[PDB]
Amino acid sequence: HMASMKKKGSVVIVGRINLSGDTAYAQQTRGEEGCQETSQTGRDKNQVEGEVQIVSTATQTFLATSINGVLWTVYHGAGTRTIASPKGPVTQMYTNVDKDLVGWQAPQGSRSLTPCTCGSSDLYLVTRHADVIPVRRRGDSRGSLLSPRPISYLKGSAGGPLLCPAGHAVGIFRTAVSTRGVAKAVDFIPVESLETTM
């Protein structure tokens, strides 16, 4: 009964989206074996770099984005799980199921994105495959893809950033608005709603 009750593992950083140069590309930093083991222990000694991490649990894989010293991701990916770190599991510092949002303190080595103050509606969504997709802002939390794509293409990218032209963070990718399997729009957690939650 009780003594046989299992614990859920930590979210584990398994790679990152490199946005540092002229070319955006994915990098894997940990394989499946290492991920499983890191998830169970919560101990992750790997070096962390950059703003957009690819993260994983035993069952799902998605993204997480650093903005103002917090690593943010989606609740429907992370639930209330801890994140693996060099000194063990780290407890969520923010949890809000109503905004589909969680966050932990940003891992040492990560770089954070600055929240946008530009007021601009020409946005760019960064996916787990390192595609930079033009998105026009359509409301507080909604944007339209300039070129619609099958949802398959966006799957696993929740937790990723929408950026403005200046590279400032505008929002965290939450949902794909689909019709007949085709995403024509996305929904995101506005950066201002992170700044309030904070």
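When you see a residue number, it is the position in the sequence shown, counting from 1.
- Looking at 145-153 and 161-169 together, the entry lists the larger mean B-factor for 145-153, computed on C-alpha atoms.
- In this entry, 19-27 has the higher mean Cα B-factor, the comparison being between 182-190 and 19-27.
- Sorting 68, 53, 56, 47 by the CA temperature factor given in the entry leaves 47 at the top.
- Looking at the C-alpha B-factors along this chain, the one for residue 129 belongs to the highest third.
- The PDB entry assigns residue 77 a C-alpha temperature factor belonging to the lowest third of its chain's modelled residues.
- Per the PDB record, residue ranking by Cα B-factor puts residue 86 in the highest third of the chain.
- The PDB entry assigns residue 107 a C-alpha temperature factor belonging to the middle third of its chain's modelled residues.
- In this PDB entry, residue 114 carries a Cα temperature factor that places it within the highest third of its chain's modelled residues.
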